[PDB]
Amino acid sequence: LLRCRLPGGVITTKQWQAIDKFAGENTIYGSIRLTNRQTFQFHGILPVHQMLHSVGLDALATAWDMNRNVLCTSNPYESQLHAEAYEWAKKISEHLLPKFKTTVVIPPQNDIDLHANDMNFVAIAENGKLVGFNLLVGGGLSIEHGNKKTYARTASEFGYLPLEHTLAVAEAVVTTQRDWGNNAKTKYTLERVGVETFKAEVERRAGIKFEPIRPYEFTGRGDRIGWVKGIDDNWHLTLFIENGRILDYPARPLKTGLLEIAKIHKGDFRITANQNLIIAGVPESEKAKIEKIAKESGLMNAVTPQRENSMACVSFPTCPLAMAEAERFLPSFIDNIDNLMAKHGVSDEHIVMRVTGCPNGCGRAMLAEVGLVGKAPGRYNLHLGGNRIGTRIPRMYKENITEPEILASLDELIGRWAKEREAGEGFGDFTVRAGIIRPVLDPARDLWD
């Protein structure tokens, strides 16, 4: 199991050129696949670690290392919090070097999908200056089909810590879960021993007491597609890449385009938790040159808001655990969803819609407004009623159905939403309000009907 350690998704252009060369020359599939944990993967490796080491990159020792890539909000609205937040994600990543998932999140963006993760540090400021974190623990999405002893769970608030406690807290949580783990994921341990019990042990091990939670709110999980103004005279260009799959396609040489950008770009790239890529820290005067290459390579091809907010996992052909197609199904599925949105006069809207190929849940369908969970070839469980910000697990609505059945249901439901929604009301929230699906309030107890 070759995935790269790459805290916060930050990769240099020299690193990019090396992985570009390796993917094209030394793999079956020839692609770079951006993952939804802000790193990249090669598929069908035909010297890989040698390649990574040659540009300062390492791969996680999966044989024994159960930590995974540490995420950090890629493109925060307050651009000046990124540097310090990233520094901490990197320090946490390095601290955890010898499964367990960690993020650093900058409100109001939940792009990193904190509720899918064991441990989450929510940035708090005073003065455009990072001062501490709220800690939320116990998220995780994997289930086993029909097994009511498994469940997706959101993360629970433990409390606030000043920056000086970050690494000790990180170590206390990871060791407490490893130790108390049976069903051995943090989410199960937390439910078994109780939140207060786990929290008290983390406090003991880290030598701290958590302070009261400090105010935070999330407004969305999407990337900021296109150009955004950064700090000073810098600009960030986020490129939508369908499924994060970087390969040259007819009329759309995505891989060649990114290589050419890497050769002239003065800053770094950032891989996002939505499987997209940011050309980060472009000076204003270099925007036109970068945009020209991107546009000409198909990297800036316009898609609907819906497509920008849809995601799938890898699934077939490379995943040995796959039950139904996900990545390969998504583009045509979303063509069909775009048709439904247009049919109903909501083409400018979006529904956070995700497809995962089996119930392990890598595509993060169990935090979607509409989630499809693979059950068998061509068949998915349809879940409804998550929200845009990703703080609620969607209950199963229809089990083990095919694409035409899914499309007929969504036609009806999207049609109702378009006509009946309140101002700014998301599809997921609407399905709950209209009594189409019951919400999940306490997943360990009420996820399963």
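Sequential numbering from 1, following the sequence displayed.
- The stretch of deposited sequence separating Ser285 from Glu286 contains no residues lacking coordinates in this entry.
- The entry shows a gap from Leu46 to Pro47, with 4 to 9 unmodelled residues of the deposited sequence in between.
- Comparing 208-216 with 268-276, the stretch with the higher mean C-alpha B-factor in the PDB entry is 208-216.
- Between the stretches 123-131 and 333-341, it is 123-131 that shows the larger average CA temperature factor.
- Of the candidates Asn26, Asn387, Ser31, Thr39, the one whose C-alpha carries the top B factor in the deposited record is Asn26.
- Note on the listed residues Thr73, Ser315, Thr197, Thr238: the highest Cα temperature factor in the record is that of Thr197.
- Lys398 sits in the middle third of its chain by CA B factor, as recorded in the PDB entry.
- Sorting the modelled residues of the chain by their CA temperature factor places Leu413 in the middle third.
- Sort the modelled residues of the chain by CA B factor and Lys187 lands in the middle third.
- The entry lists a Cα temperature factor for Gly281 that places it in the middle third of the chain's modelled residues.
- Compared with the other modelled residues of the chain, the Cα B-factor recorded for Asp232 ranks in the highest third.
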